[PDB]
Structure formats: C-alpha cells, structure tokens
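*Asks:* One structure follows; several queries about it will come next.
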Amino acid sequence: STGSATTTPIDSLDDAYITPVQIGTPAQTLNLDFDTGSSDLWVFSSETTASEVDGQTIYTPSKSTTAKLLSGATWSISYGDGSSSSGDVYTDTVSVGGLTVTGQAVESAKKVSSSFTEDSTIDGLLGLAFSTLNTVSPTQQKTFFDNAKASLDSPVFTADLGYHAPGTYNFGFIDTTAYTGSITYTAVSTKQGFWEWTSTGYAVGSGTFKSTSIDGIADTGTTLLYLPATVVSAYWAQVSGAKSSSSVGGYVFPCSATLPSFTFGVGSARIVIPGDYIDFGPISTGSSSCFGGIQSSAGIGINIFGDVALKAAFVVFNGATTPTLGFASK
Ligand SMILES: c1cc2c(cc1[C@H]1CCCN1)OCCO2
Ligand SMILES: c1cc2c(cc1[C@H]1CCCN1)OCCO2
C-alpha cells in the first residue's frame, strides 16, 4: 500500500504545516501537524477542556462506530518549546492520503497548553519519530508509520515541504519526479528516539565549505534551524546589523537586509537553503527588526534541522530494519 497527502503552511511565514487526516467512521477530518520529532498522535477532542478550545476542529469518539476506549491508558507530553498536552486514549481507524491503519492509538486531549489553544489552525499532532518516545502509559503505543510499515510497498515516508507553498508527505514510495539529481543517504541513530544524523558541515552564502560534524535531528515539527553557536554566529556575521537579542530571544536582523544562503552537508552532497527561507519577518507588527530562521541550539541540548532546513530538500525517512535518512535537492 501507499499514501500521499498534501501538507500546507498554516500562515504566511511557514510557521508550521498541516495535513488532513481522516479519523473514525464516518471519517472525521482533522488537520494535524506531522512531527518527525515526537511519537504521539493526539487530537483536540470532545473531551478537551472547553476554555482551551478556540477554533480547532475536534474529534468526537462517541460519533465514531470504530472508536474504542483504550481502558486505563493516559498520555502526557511536554515539548521543547514549552508547550504540552495530556489526556486519555482511543483506538480508531486513521487514514492519511489513502493509507489506512486500523486500531491506531488516537490520544484524546483533555488539557492543552496555551500555545495550542491560541493556534486555531492545528487540530493536533501526528508523531513520526520512533515509537520508543510514545508517552502512553501503562502500555506504550505505536506511531501511525510503525503500524503501517509492514503493509507499505517500501518501509519509508518522505517529506517534501514547500516554501510559501503546499508540499507533500508520501508513505510507502519515493516519487522520483519530486527531486533533482540523486538522493544521498546518511546514517541514523535511533538511540534517543529521533531521526538523528550527522551533517558533514556548512557554508554561508558563497563562502567556503567548512567540514565539521554536526549531530542533529530531522524534525518537521520544529520551524527553525537550530545549530551550534559557532555556526550561527558565522552566519549572522554576514548580515549587516544582525545581532542576538536576549529580550527577543534570538538573532534579529534589519528587515531591509538581503539574507545570504546557508548550505549544509549530507555526506559529500550539499543542500542549499536560500536566504529568503531564513526570514521570519518583523518581531512585532510594524517593526523593522526581523527574526532570523537560523538560531543557536545552545540551551536546547540538541541541534535541530527543522522546517527551514528540511523544506530546502526532498527528505526520505527510511524505516528499514536499519533506518537511514536521504536528502535530495529539488
Ligand atoms: C517546536 C519548536 C521547538 C521545539 C519543539 C517544538 C514542538 C512543539 C510541537 C511540535 N514540535 O523544541 C525546541 C526548538 O523549537
Ligand atoms: C517569528 C517572529 C518572531 C518570533 C518567532 C517567529 C516564528 C519562528 C517560528 C515560529 N514563529 O519570536 C521572536 C519574535 O519574532
């Protein structure tokens, strides 16, 4: 089997991407944030504290003939941006782009933190990291990908995120028309539950490539590119007037700037992030100070190849017995 679904930026800055997902019988379609940095499929629901719902579409298990309470199971998750959610669990039929899993754990939110409430466009998350990170207790549950894997034509999914445009998540096949050149594959460590790999280095604009190992994760659920302070300083030093602002919470730059590109290494291959991808716009409405899309990972404890990096590439998440990651230009 295979599946193919379009993923769409939630706003004009590509702050996140949402993908329609069918849950239950008859189908209830929710727009979920596909997140290769976590492993819980959770949704706003009829059980979510009413004051914490503001415009989201909710899953109502009582209206699904295939929903079953997973008795005794609870979940609770805290993310690296300080947000969180928790609740109980149902199993139900879940379909993405024509690919169906029966008996998928659908984690129903009873509580969500303020940033979830405040984002009306995201109805929940669909985790695509390794199932070892799943938070359901006392019986850990499998991700949608893990459940689908054996049925897929090939045990893979691909992320093809757009810049200011829709893109695609495919399950079970590699669309050879969706990228240029060849796909370069690189080793993955699953020891922390993430799609963790080692970049071979970087360049800033038209500068020389610096060969250096940068361990990090491929995370579709993080918006920005978080790298070591040395690398980030070298980037922003090429932008007149750029500086790190403790009050704003990262590097800012004059909105009048033209940003240089940023290249990262994948083995002997190179992925180029255009300068425009690194512009996240005014820090507040009407400000001439703009927020940067490359930020320091110092304090976070891990480097993160988030959407800013991934959207410059066609990315293969290879879930074979020994997982790997593939990157191609596009
Ligand atoms: C977003 C942004 C982050 C982050 C974690 C996240 C979570 C929120 C839900 C999906 N991803 O960790 C620190 C870097 O920024
Ligand atoms: C834009 C502008 C900002 C900002 C964050 C953003 C984007 C980056 C990813 C999600 N929101 O924080 C600091 C103020 O300006």
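Within each chain, counting starts at residue 1; across the structure tokens, chains are named A, B, ... in the order shown, with ligands numbered 1 upward in that order.
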Go through range 134-300 of chain A and collect every residue that DSSP, computed from the backbone, puts in helix (DSSP H, G or I); the answer should be as an NGL selection string.
*Replies:* :A and (144-151 or 229-236 or 275-278)
*Asks:* Would you output that residue set with N, CA, C and O atoms, as a PDB file, in the first residue's frame?
*Replies:*
ATOM      1  N   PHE A 144       1.680   5.973  13.748  1.00  0.00           N
ATOM      2  CA  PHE A 144       0.977   5.663  12.515  1.00  0.00           C
ATOM      3  C   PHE A 144       1.924   4.986  11.523  1.00  0.00           C
ATOM      4  O   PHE A 144       1.565   3.985  10.905  1.00  0.00           O
ATOM      5  N   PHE A 145       3.140   5.510  11.381  1.00  0.00           N
ATOM      6  CA  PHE A 145       4.108   4.916  10.462  1.00  0.00           C
ATOM      7  C   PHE A 145       4.489   3.501  10.880  1.00  0.00           C
ATOM      8  O   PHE A 145       4.539   2.597  10.058  1.00  0.00           O
ATOM      9  N   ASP A 146       4.754   3.302  12.163  1.00  0.00           N
ATOM     10  CA  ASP A 146       5.134   1.998  12.691  1.00  0.00           C
ATOM     11  C   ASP A 146       4.022   0.980  12.400  1.00  0.00           C
ATOM     12  O   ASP A 146       4.283  -0.143  11.974  1.00  0.00           O
ATOM     13  N   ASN A 147       2.774   1.386  12.639  1.00  0.00           N
ATOM     14  CA  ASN A 147       1.642   0.495  12.372  1.00  0.00           C
ATOM     15  C   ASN A 147       1.463   0.187  10.879  1.00  0.00           C
ATOM     16  O   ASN A 147       1.109  -0.927  10.521  1.00  0.00           O
ATOM     17  N   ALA A 148       1.723   1.162  10.018  1.00  0.00           N
ATOM     18  CA  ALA A 148       1.523   0.990   8.581  1.00  0.00           C
ATOM     19  C   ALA A 148       2.647   0.236   7.901  1.00  0.00           C
ATOM     20  O   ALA A 148       2.457  -0.295   6.813  1.00  0.00           O
ATOM     21  N   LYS A 149       3.818   0.237   8.529  1.00  0.00           N
ATOM     22  CA  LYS A 149       5.085  -0.099   7.863  1.00  0.00           C
ATOM     23  C   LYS A 149       5.066  -1.411   7.098  1.00  0.00           C
ATOM     24  O   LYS A 149       5.479  -1.465   5.938  1.00  0.00           O
ATOM     25  N   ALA A 150       4.581  -2.461   7.745  1.00  0.00           N
ATOM     26  CA  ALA A 150       4.619  -3.788   7.156  1.00  0.00           C
ATOM     27  C   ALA A 150       3.751  -3.876   5.904  1.00  0.00           C
ATOM     28  O   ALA A 150       4.007  -4.710   5.028  1.00  0.00           O
ATOM     29  N   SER A 151       2.734  -3.019   5.822  1.00  0.00           N
ATOM     30  CA  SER A 151       1.801  -3.029   4.695  1.00  0.00           C
ATOM     31  C   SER A 151       2.266  -2.171   3.534  1.00  0.00           C
ATOM     32  O   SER A 151       1.767  -2.312   2.428  1.00  0.00           O
ATOM     33  N   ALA A 229      26.356  27.481  18.392  1.00  0.00           N
ATOM     34  CA  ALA A 229      26.512  28.932  18.459  1.00  0.00           C
ATOM     35  C   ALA A 229      27.605  29.428  17.530  1.00  0.00           C
ATOM     36  O   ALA A 229      27.500  30.513  16.970  1.00  0.00           O
ATOM     37  N   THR A 230      28.654  28.629  17.359  1.00  0.00           N
ATOM     38  CA  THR A 230      29.751  28.995  16.469  1.00  0.00           C
ATOM     39  C   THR A 230      29.247  29.163  15.030  1.00  0.00           C
ATOM     40  O   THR A 230      29.567  30.133  14.342  1.00  0.00           O
ATOM     41  N   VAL A 231      28.486  28.181  14.572  1.00  0.00           N
ATOM     42  CA  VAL A 231      27.950  28.160  13.212  1.00  0.00           C
ATOM     43  C   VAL A 231      26.985  29.314  12.992  1.00  0.00           C
ATOM     44  O   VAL A 231      27.034  30.009  11.969  1.00  0.00           O
ATOM     45  N   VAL A 232      26.104  29.505  13.967  1.00  0.00           N
ATOM     46  CA  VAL A 232      25.086  30.542  13.889  1.00  0.00           C
ATOM     47  C   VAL A 232      25.716  31.943  13.885  1.00  0.00           C
ATOM     48  O   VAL A 232      25.286  32.832  13.145  1.00  0.00           O
ATOM     49  N   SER A 233      26.750  32.137  14.699  1.00  0.00           N
ATOM     50  CA  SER A 233      27.459  33.405  14.713  1.00  0.00           C
ATOM     51  C   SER A 233      28.123  33.673  13.368  1.00  0.00           C
ATOM     52  O   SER A 233      28.085  34.794  12.857  1.00  0.00           O
ATOM     53  N   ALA A 234      28.727  32.643  12.783  1.00  0.00           N
ATOM     54  CA  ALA A 234      29.345  32.804  11.470  1.00  0.00           C
ATOM     55  C   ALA A 234      28.332  33.205  10.396  1.00  0.00           C
ATOM     56  O   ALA A 234      28.649  33.982   9.498  1.00  0.00           O
ATOM     57  N   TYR A 235      27.120  32.679  10.486  1.00  0.00           N
ATOM     58  CA  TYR A 235      26.070  33.051   9.537  1.00  0.00           C
ATOM     59  C   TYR A 235      25.680  34.525   9.705  1.00  0.00           C
ATOM     60  O   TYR A 235      25.753  35.311   8.750  1.00  0.00           O
ATOM     61  N   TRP A 236      25.281  34.907  10.918  1.00  0.00           N
ATOM     62  CA  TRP A 236      24.730  36.237  11.138  1.00  0.00           C
ATOM     63  C   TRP A 236      25.784  37.342  11.033  1.00  0.00           C
ATOM     64  O   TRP A 236      25.439  38.485  10.762  1.00  0.00           O
ATOM     65  N   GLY A 275      18.483  32.342   1.075  1.00  0.00           N
ATOM     66  CA  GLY A 275      18.367  33.368   2.096  1.00  0.00           C
ATOM     67  C   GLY A 275      16.945  33.712   2.504  1.00  0.00           C
ATOM     68  O   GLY A 275      16.659  33.921   3.685  1.00  0.00           O
ATOM     69  N   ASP A 276      16.026  33.761   1.546  1.00  0.00           N
ATOM     70  CA  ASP A 276      14.633  34.108   1.818  1.00  0.00           C
ATOM     71  C   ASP A 276      13.985  33.141   2.812  1.00  0.00           C
ATOM     72  O   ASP A 276      13.061  33.497   3.534  1.00  0.00           O
ATOM     73  N   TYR A 277      14.453  31.893   2.828  1.00  0.00           N
ATOM     74  CA  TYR A 277      13.864  30.884   3.731  1.00  0.00           C
ATOM     75  C   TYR A 277      14.173  31.204   5.196  1.00  0.00           C
ATOM     76  O   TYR A 277      13.548  30.667   6.102  1.00  0.00           O
ATOM     77  N   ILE A 278      15.166  32.060   5.412  1.00  0.00           N
ATOM     78  CA  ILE A 278      15.704  32.344   6.736  1.00  0.00           C
ATOM     79  C   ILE A 278      15.052  33.615   7.328  1.00  0.00           C
ATOM     80  O   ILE A 278      15.314  33.990   8.460  1.00  0.00           O
TER      81      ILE A 278
END
*Asks:* Using only C-alpha atoms and all ligand atoms, which residues of the polymer chains come no farther than 8 Å from ligand 1? I'd like the answer as an NGL selection string.
*Replies:* :A and (33 or 35 or 37-38 or 79-83 or 125 or 219-224 or 226 or 297 or 300 or 304)
*Asks:* Mind running chain A against ligand 2 at 7 Å and telling me each contacting residue's nearest atom pair with the distance in Å (one decimal), counting only C-alpha atoms and all ligand atoms, chain and number ascending, as CSV?
*Replies:*
residue,atom,partner,partner_atom_place_in_ligand_line,distance
A:15,CA,ligand 2,10 (C),4.8
A:223,CA,ligand 2,9 (C),5.0
A:224,CA,ligand 2,9 (C),6.0
A:248,CA,ligand 2,13 (C),5.3
A:249,CA,ligand 2,13 (C),5.9
A:280,CA,ligand 2,1 (C),4.9
A:281,CA,ligand 2,2 (C),5.8
A:282,CA,ligand 2,2 (C),6.0
A:283,CA,ligand 2,15 (O),3.3
A:284,CA,ligand 2,15 (O),6.2
A:290,CA,ligand 2,15 (O),6.8
A:291,CA,ligand 2,2 (C),4.9
A:293,CA,ligand 2,8 (C),6.7
*Asks:* Export N, CA, C and O atoms of the chosen residues as a compact mmCIF listing (two decimals), in the first residue's frame?
*Replies:*
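Okay, selection_5.txt is ready:
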# COMPACT_ATOMS: atom_id res chain seq x y z
N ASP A 15 5.13 28.89 9.53
CA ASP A 15 5.44 28.60 10.93
C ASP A 15 5.26 27.12 11.27
O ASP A 15 5.88 26.61 12.20
N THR A 223 10.08 24.65 13.60
CA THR A 223 10.03 25.57 12.47
C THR A 223 11.41 25.95 11.97
O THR A 223 11.66 25.99 10.77
N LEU A 224 12.31 26.27 12.90
CA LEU A 224 13.59 26.87 12.56
C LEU A 224 14.75 25.87 12.53
O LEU A 224 14.59 24.69 12.85
N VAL A 248 14.38 39.63 22.76
CA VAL A 248 13.54 39.00 21.75
C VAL A 248 13.63 37.47 21.81
O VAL A 248 12.63 36.78 21.58
N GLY A 249 14.81 36.95 22.14
CA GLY A 249 15.01 35.52 22.29
C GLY A 249 15.75 34.87 21.14
O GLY A 249 15.57 33.68 20.88
N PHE A 280 12.00 35.35 8.99
CA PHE A 280 10.73 35.10 9.69
C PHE A 280 9.98 36.37 10.08
O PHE A 280 9.06 36.34 10.88
N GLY A 281 10.35 37.46 9.43
CA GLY A 281 9.55 38.66 9.44
C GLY A 281 9.67 39.49 10.70
O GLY A 281 10.42 39.16 11.62
N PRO A 282 8.92 40.59 10.76
CA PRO A 282 9.03 41.52 11.89
C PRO A 282 8.80 40.85 13.23
O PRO A 282 7.92 39.98 13.35
N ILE A 283 9.55 41.27 14.24
CA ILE A 283 9.45 40.66 15.56
C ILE A 283 8.11 40.98 16.21
O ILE A 283 7.62 40.24 17.06
N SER A 284 7.52 42.09 15.78
CA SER A 284 6.18 42.51 16.17
C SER A 284 5.64 43.30 15.01
O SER A 284 6.40 43.83 14.20
N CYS A 290 13.64 42.11 12.17
CA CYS A 290 13.10 40.85 11.68
C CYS A 290 13.76 39.69 12.41
O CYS A 290 14.91 39.78 12.85
N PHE A 291 13.03 38.60 12.56
CA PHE A 291 13.52 37.45 13.31
C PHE A 291 14.19 36.43 12.40
O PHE A 291 13.64 36.07 11.35
N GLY A 293 15.78 32.86 10.92
CA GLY A 293 15.37 31.46 10.83
C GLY A 293 16.44 30.45 11.18
O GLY A 293 16.20 29.25 11.19
*Asks:* Measuring between only C-alpha atoms, which one of A:105, A:18, A:69, A:294 shows the shortest distance to residue 141 in chain A?
*Replies:*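 Closest residue, counting only C-alpha atoms: A:105.
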*Asks:* Could you name the residues that touch residue 305 in chain A at 12 Å or less, counting only C-alpha atoms, but leaving out those on the same chain fewer than 3 positions away, as a PyMOL selection string?
*Replies:* chain A and resi 36-37+194-199+214-228+264-266+271+273+293-297+302+308-313+315
*Asks:* Can you tell me, as a count of residues only, which residues in range 114-321 of chain A count as strand (DSSP E) by DSSP?
*Replies:* 76
*Asks:* Nearest to residue 60 in chain A: which of A:143, A:108, A:95, A:84 is it, counting only C-alpha atoms?
*Replies:* A:108
*Asks:* Write out as a PDB file with N, CA, C and O atoms, in the first residue's frame each polymer residue whose atoms come within 6 Å of residue 41 in chain A, counting only C-alpha atoms; drop sequence neighbours fewer than 4 positions from it.
*Replies:*
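Saved file out02.pdb follows:
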ATOM      1  N   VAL A 106      -5.261   6.874  19.110  1.00  0.00           N
ATOM      2  CA  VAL A 106      -5.616   8.268  18.923  1.00  0.00           C
ATOM      3  C   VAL A 106      -5.738   8.846  20.325  1.00  0.00           C
ATOM      4  O   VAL A 106      -6.625   8.480  21.102  1.00  0.00           O
ATOM      5  N   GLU A 107      -4.810   9.728  20.652  1.00  0.00           N
ATOM      6  CA  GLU A 107      -4.703  10.252  22.004  1.00  0.00           C
ATOM      7  C   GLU A 107      -5.569  11.501  22.101  1.00  0.00           C
ATOM      8  O   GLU A 107      -5.332  12.496  21.424  1.00  0.00           O
ATOM      9  N   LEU A 125      -1.401  16.716  16.625  1.00  0.00           N
ATOM     10  CA  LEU A 125      -0.108  16.297  16.094  1.00  0.00           C
ATOM     11  C   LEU A 125      -0.147  14.842  15.679  1.00  0.00           C
ATOM     12  O   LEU A 125      -0.850  14.039  16.281  1.00  0.00           O
ATOM     13  N   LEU A 126       0.619  14.515  14.646  1.00  0.00           N
ATOM     14  CA  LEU A 126       0.830  13.130  14.255  1.00  0.00           C
ATOM     15  C   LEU A 126       2.330  12.857  14.293  1.00  0.00           C
ATOM     16  O   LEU A 126       3.089  13.310  13.437  1.00  0.00           O
ATOM     17  N   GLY A 127       2.754  12.133  15.324  1.00  0.00           N
ATOM     18  CA  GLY A 127       4.165  11.892  15.543  1.00  0.00           C
ATOM     19  C   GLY A 127       4.734  10.849  14.593  1.00  0.00           C
ATOM     20  O   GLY A 127       4.105   9.823  14.319  1.00  0.00           O
TER      21      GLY A 127
END
*Asks:* I'd like to know which of A:136, A:259, A:129, A:43 is closest to residue 30 in chain A, using only C-alpha atoms.
*Replies:*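 Smallest distance to residue 30 in chain A is found for A:43.
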*Asks:* Rank nothing, just name the residue among A:23, A:174, A:152, A:58 nearest to residue 102 in chain A, using only C-alpha atoms.
*Replies:*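 Among the listed residues, the smallest separation from residue 102 in chain A belongs to A:23.
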*Asks:* Can you tell me, as a PyMOL selection string, what residues are no more than 10 Å from residue 207 in chain A when counting only C-alpha atoms, ignoring any on the same chain fewer than 4 positions away?
*Replies:* chain A and resi 202-203+260-263
*Asks:* Residues as selected, N, CA and C atoms, written as a compact mmCIF listing (two decimals), in the first residue's frame, can you do that?
*Replies:*
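What landed in result29.txt:
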# COMPACT_ATOMS: atom_id res chain seq x y z
N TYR A 202 29.08 22.94 6.75
CA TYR A 202 28.24 24.03 6.29
C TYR A 202 29.02 25.10 5.52
N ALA A 203 28.26 25.91 4.78
CA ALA A 203 28.80 27.14 4.21
C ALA A 203 27.79 28.26 4.39
N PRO A 260 21.98 36.03 3.13
CA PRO A 260 22.74 35.02 2.39
C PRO A 260 22.12 33.63 2.54
N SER A 261 22.42 32.75 1.60
CA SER A 261 22.01 31.37 1.72
C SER A 261 22.82 30.66 2.81
N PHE A 262 22.39 29.46 3.16
CA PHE A 262 23.11 28.61 4.10
C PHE A 262 23.11 27.21 3.53
N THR A 263 24.30 26.63 3.41
CA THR A 263 24.45 25.28 2.88
C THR A 263 24.78 24.32 4.00
*Asks:* Skip range 316-325 of chain A itself and residues of its chain fewer than 6 positions away, then list as a PDB file with C-alpha atoms, in the first residue's frame all residues within 6 Å of it, counting only C-alpha atoms.
*Replies:*
ATOM      1  CA  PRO A 155       9.091   0.929   4.606  1.00  0.00           C
ATOM      2  CA  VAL A 156       9.585   4.660   4.065  1.00  0.00           C
ATOM      3  CA  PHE A 157       7.907   8.036   4.191  1.00  0.00           C
ATOM      4  CA  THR A 158       9.045  11.244   2.554  1.00  0.00           C
ATOM      5  CA  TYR A 185      21.588   8.616   2.247  1.00  0.00           C
ATOM      6  CA  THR A 186      23.177   9.035   5.643  1.00  0.00           C
ATOM      7  CA  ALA A 187      23.269   7.007   8.861  1.00  0.00           C
ATOM      8  CA  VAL A 188      20.707   7.409  11.631  1.00  0.00           C
TER       9      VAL A 188
END
*Asks:* So that I can see what lies close to residue 89 in chain A, please list as a ChimeraX atom specification the residues with an atom at most 12 Å from it, counting only C-alpha atoms and leaving out residues fewer than 6 positions away in the same chain.
*Replies:* /A:40-45,47,59,61,67-76,103-110,135-141
*Asks:* Could those residues be written to a file, using N, CA, C and O atoms, as a compact mmCIF listing (two decimals), in the first residue's frame?
*Replies:*
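New file result_37.txt:
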# COMPACT_ATOMS: atom_id res chain seq x y z
N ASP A 40 3.61 10.77 19.36
CA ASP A 40 2.22 10.70 19.81
C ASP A 40 1.32 11.29 18.73
O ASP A 40 1.63 12.34 18.15
N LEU A 41 0.23 10.60 18.45
CA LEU A 41 -0.83 11.12 17.59
C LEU A 41 -1.91 11.57 18.55
O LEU A 41 -2.58 10.73 19.16
N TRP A 42 -2.03 12.88 18.75
CA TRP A 42 -3.02 13.43 19.68
C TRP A 42 -3.85 14.49 19.00
O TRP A 42 -3.38 15.17 18.08
N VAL A 43 -5.10 14.61 19.45
CA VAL A 43 -6.06 15.50 18.82
C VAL A 43 -6.86 16.27 19.84
O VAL A 43 -7.13 15.80 20.95
N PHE A 44 -7.23 17.49 19.46
CA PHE A 44 -8.31 18.20 20.11
C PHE A 44 -9.55 17.33 19.99
O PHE A 44 -9.75 16.67 18.97
N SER A 45 -10.38 17.34 21.02
CA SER A 45 -11.50 16.41 21.05
C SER A 45 -12.67 16.96 21.82
O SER A 45 -12.60 18.03 22.43
N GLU A 47 -13.46 15.87 24.49
CA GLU A 47 -13.04 15.78 25.88
C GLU A 47 -12.15 16.94 26.31
O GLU A 47 -11.86 17.09 27.51
N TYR A 59 -12.13 15.93 17.38
CA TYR A 59 -12.50 14.54 17.24
C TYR A 59 -13.50 14.19 18.33
O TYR A 59 -13.26 14.45 19.51
N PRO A 61 -15.10 10.91 19.73
CA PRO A 61 -15.09 9.45 19.59
C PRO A 61 -16.48 8.81 19.68
O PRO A 61 -16.71 7.76 19.08
N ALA A 67 -14.46 3.63 17.08
CA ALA A 67 -13.70 4.08 18.25
C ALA A 67 -13.90 3.13 19.43
O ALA A 67 -15.01 2.69 19.71
N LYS A 68 -12.82 2.84 20.12
CA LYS A 68 -12.87 2.06 21.34
C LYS A 68 -11.94 2.71 22.38
O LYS A 68 -10.79 3.00 22.10
N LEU A 69 -12.46 2.94 23.58
CA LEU A 69 -11.61 3.43 24.66
C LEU A 69 -10.52 2.41 24.93
O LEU A 69 -10.78 1.21 25.05
N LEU A 70 -9.28 2.89 25.03
CA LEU A 70 -8.18 2.03 25.43
C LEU A 70 -8.12 2.13 26.94
O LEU A 70 -7.55 3.08 27.51
N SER A 71 -8.74 1.16 27.60
CA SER A 71 -9.04 1.26 29.01
C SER A 71 -7.81 1.45 29.86
O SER A 71 -6.88 0.65 29.80
N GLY A 72 -7.81 2.51 30.68
CA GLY A 72 -6.75 2.74 31.63
C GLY A 72 -5.59 3.54 31.09
O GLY A 72 -4.72 3.96 31.84
N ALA A 73 -5.55 3.74 29.78
CA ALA A 73 -4.41 4.40 29.16
C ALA A 73 -4.50 5.93 29.26
O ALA A 73 -5.55 6.52 29.02
N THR A 74 -3.39 6.55 29.62
CA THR A 74 -3.30 8.00 29.65
C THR A 74 -2.02 8.43 28.95
O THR A 74 -1.13 7.61 28.71
N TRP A 75 -1.94 9.71 28.61
CA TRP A 75 -0.76 10.24 27.96
C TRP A 75 -0.53 11.66 28.44
O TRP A 75 -1.45 12.35 28.88
N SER A 76 0.72 12.08 28.35
CA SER A 76 1.10 13.42 28.77
C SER A 76 2.44 13.73 28.13
O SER A 76 3.39 12.96 28.26
N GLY A 103 -7.01 0.30 14.29
CA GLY A 103 -6.50 0.13 15.64
C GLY A 103 -5.40 1.09 16.03
O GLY A 103 -4.61 0.82 16.94
N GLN A 104 -5.33 2.23 15.35
CA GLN A 104 -4.34 3.26 15.69
C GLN A 104 -4.69 3.92 17.02
O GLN A 104 -5.84 4.28 17.25
N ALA A 105 -3.70 4.10 17.88
CA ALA A 105 -3.90 4.88 19.10
C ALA A 105 -4.09 6.36 18.75
O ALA A 105 -3.20 7.00 18.18
N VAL A 106 -5.26 6.87 19.11
CA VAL A 106 -5.62 8.27 18.92
C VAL A 106 -5.74 8.85 20.33
O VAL A 106 -6.62 8.48 21.10
N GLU A 107 -4.81 9.73 20.65
CA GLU A 107 -4.70 10.25 22.00
C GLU A 107 -5.57 11.50 22.10
O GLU A 107 -5.33 12.50 21.42
N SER A 108 -6.60 11.42 22.92
CA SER A 108 -7.60 12.47 23.04
C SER A 108 -7.19 13.46 24.11
O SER A 108 -6.99 13.08 25.26
N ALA A 109 -7.03 14.73 23.75
CA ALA A 109 -6.61 15.74 24.72
C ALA A 109 -7.73 16.11 25.68
O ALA A 109 -8.84 16.46 25.26
N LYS A 110 -7.44 16.02 26.97
CA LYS A 110 -8.27 16.65 27.99
C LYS A 110 -7.76 18.05 28.31
O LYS A 110 -8.56 18.94 28.63
N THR A 135 4.29 8.46 24.61
CA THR A 135 4.07 8.71 26.04
C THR A 135 2.93 7.93 26.68
O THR A 135 2.68 8.08 27.87
N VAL A 136 2.21 7.11 25.93
CA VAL A 136 1.06 6.43 26.50
C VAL A 136 1.49 5.46 27.60
O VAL A 136 2.45 4.70 27.44
N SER A 137 0.78 5.52 28.71
CA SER A 137 1.04 4.69 29.88
C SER A 137 -0.26 4.02 30.28
O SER A 137 -1.31 4.63 30.18
N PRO A 138 -0.21 2.76 30.76
CA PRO A 138 0.97 1.94 31.04
C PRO A 138 1.45 1.09 29.87
O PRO A 138 2.44 0.38 30.03
N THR A 139 0.78 1.18 28.73
CA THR A 139 1.12 0.39 27.55
C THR A 139 1.48 1.35 26.42
O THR A 139 0.61 2.01 25.85
N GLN A 140 2.76 1.44 26.12
CA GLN A 140 3.25 2.34 25.09
C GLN A 140 2.63 1.95 23.75
O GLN A 140 2.45 0.77 23.47
N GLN A 141 2.32 2.96 22.94
CA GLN A 141 1.65 2.74 21.65
C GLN A 141 2.56 3.06 20.48
O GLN A 141 3.54 3.79 20.62
*Asks:* Can you work out the spacing between CA of residue 4 in chain A and CA of residue 173 in chain A in Å, to one decimal?
*Replies:* 9.2 Å
*Asks:* May I ask which of the residues A:49, A:154, A:7, A:92 is the closest one to residue 19 in chain A, counting only C-alpha atoms?
*Replies:*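 Counting only C-alpha atoms, the residue closest to residue 19 in chain A is A:7.
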